[PDB]
*Asks:* 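Just passing along the structure, written as structure tokens.
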Protein chains: 2
Amino acid sequence: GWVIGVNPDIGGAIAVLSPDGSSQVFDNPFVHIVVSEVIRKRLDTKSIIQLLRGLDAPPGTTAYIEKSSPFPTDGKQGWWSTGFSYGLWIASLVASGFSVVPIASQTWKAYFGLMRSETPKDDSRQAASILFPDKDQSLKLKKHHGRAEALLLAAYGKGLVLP
Amino acid sequence: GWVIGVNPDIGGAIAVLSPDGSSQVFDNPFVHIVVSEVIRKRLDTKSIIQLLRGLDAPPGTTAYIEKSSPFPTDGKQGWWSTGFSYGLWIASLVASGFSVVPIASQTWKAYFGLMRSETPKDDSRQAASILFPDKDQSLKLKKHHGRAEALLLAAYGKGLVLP
DNA sequence: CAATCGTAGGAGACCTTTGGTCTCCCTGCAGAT
DNA sequence: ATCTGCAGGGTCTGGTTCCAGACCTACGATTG
Ligand SMILES: [Mg+2]
Ligand SMILES: [Mg+2]
């Protein structure tokens, strides 16, 4: 049936797969906010809830979400932001009636044979373009790898196979 | 005029103040989760949303929430968990129809004259007991300071004053 | 169960398989074209 | 604007133009 895949971080996206084969992918809504006298991007909570409420996916649809797992060498702001983005998305999905299933990036990458790639973000856009050819135009920029990763997480959840 | 005050961390609480002067305070629901082969406490998303849905406070009620601000010397896990709990609560409150207003701890502490105390958690329980005497029995343990801080945040938002 | 103390910390999936091995980002800021 | 590269970082309020002063939290463990 329906499958949702969420790539939750600031350059992420939510992909929605319908039973008739169609797909949608939306960039994560964000806002600019002032923190410690500089500008930071933060997810836009109201817009995410509005987006989820507008989906045709019925209550109980599984929403796969990529599990938050920053490196010990990443900065503490990286740790805070990945936690924040994860919590915001999990509560939004639960409140909107979806069944949240966290998935490690290694899981869907291994499924599509994408591990240890020299060009992982390019490879993600290529794989997503082949699985979802009507999204090829929406994946033409390097910055679209977040869209590709959400689509691939959803594709994993739906059991799709590359040709 | 209803007022909600949320102390969002793992030992926190949500306080609800009604226009008739009554109050409720609920410990934050949590679950035990496995992470890196050890047990960690994490907020319980479903129980938080269920709790919010059961409140009598009408949509549009303001929910003051204590702003997340860990120290630079706190560990990266502390940074992740304060971010996660903050995001989970913000999305839960917005999805439940409440108007979220972040408040720094310094703001409500200064308002009640609590800064630079030798016993800050005891003083919070004492101040909350004086503002909400029918919660005195619910504030008598040292571990109840999370409840006290949620009540004081709500009291700040309502404009209450100590005698 | 409740209180207290002290430092500030990866996490996850699958193999080699009851421990071992290998994998994975993310943010924040500056720069160039 | 899009991309690229590199290191891994506090933040907030009241008082102004930056300063001064203030604030936790988590994750372990132990003791009764
Ligand atoms: Mg991502
Ligand atoms: Mg707190």
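By convention in this document, chain letters (A, B, ...) are assigned in the order of the sequence lines, proteins followed by strands, and residues within each chain are numbered from 1.
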*Asks:* Could you label the plane-to-plane angle of the A:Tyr156 and A:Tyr64 rings as parallel, tilted or perpendicular, counting under 30° as parallel and over 60° as perpendicular?
*Replies:* perpendicular
*Asks:* If you check every side-chain atom of B:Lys109, which of D:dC24, C:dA13, D:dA26 has the closest atom?
*Replies:* D:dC24
*Asks:* With no angle test and no hydrogens, is the base of D:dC24 tied to the side chain of B:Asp9 by a donor-acceptor pair under 3.5 Å?
*Replies:* no
*Asks:* Just the rounded figure in Å: distance from P of D:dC24 to NE2 of B:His145.
*Replies:* 10 Å
*Asks:* Which listed nucleotide (D:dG10, C:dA2, C:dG10) is nearest to the side chain of A:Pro72?
*Replies:* C:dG10
*Asks:* NA contact type, A:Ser105, heavy-atom cut-off 4.0 Å: base, sugar-phosphate, or nothing?
*Replies:* sugar-phosphate
*Asks:* Please report the groove contacted by B:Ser36: major or minor, with a side-chain heavy atom under 5.0 angstrom from a base atom on that edge.
*Replies:* major
*Asks:* Taking atom types as they are modelled, is there a donor-acceptor pair under 3.5 Å from the base of C:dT23 to the side chain of A:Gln106?
*Replies:* yes
*Asks:* Counting side-chain heavy atoms from C-beta on, which of D:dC24, D:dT2, C:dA13 comes nearest to A:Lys67?
*Replies:* C:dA13
*Asks:* Please determine whether a side-chain nitrogen or oxygen atom of A:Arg40 lies at a distance below 4.0 Å from atom OP1 or OP2 of C:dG28.
*Replies:* yes
*Asks:* Could you say whether the aromatic ring of B:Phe71 and the base of D:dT25 stack, counting only centre distances under 5.5 Å and plane angles under 30°?
*Replies:* no
*Asks:* A:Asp74 has a side chain; which of C:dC25, D:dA26, D:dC24 sits nearest to it?
*Replies:* C:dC25
*Asks:* What does B:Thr73 touch in the nucleic acid at a heavy-atom separation under 4.0 angstrom: a base, only the sugar-phosphate, or nothing?
*Replies:* base
*Asks:* Can A:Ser47 and A:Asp44 be counted as having a side-chain donor-acceptor contact under 3.5 angstrom?
*Replies:* yes
*Asks:* With respect to the side chain of B:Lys76, which nucleotide from D:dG10, D:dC23, C:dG9 is positioned closest?
*Replies:* C:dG9
*Asks:* Given D:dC18, D:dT4, C:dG12, identify the nucleotide with an atom nearest to the side chain of A:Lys142.
*Replies:* D:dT4
*Asks:* With a 3.5 angstrom cut-off on both distances, give the Watson-Crick or G-U wobble partner of C:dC25, or none if there isn't one.
*Replies:* none
*Asks:* Counting any heavy atom closer than 4.0 Å, what does B:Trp79 reach on the DNA or RNA strands: base, sugar-phosphate only, or nothing?
*Replies:* sugar-phosphate
*Asks:* Picking from C:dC26, D:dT13, D:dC3, which would you name as closest to the side chain of B:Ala104?
*Replies:* D:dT13
*Asks:* Could you work out the separation of D:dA26 and C:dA13 based on their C1' atoms and round it to a whole Å?
*Replies:* 26 Å
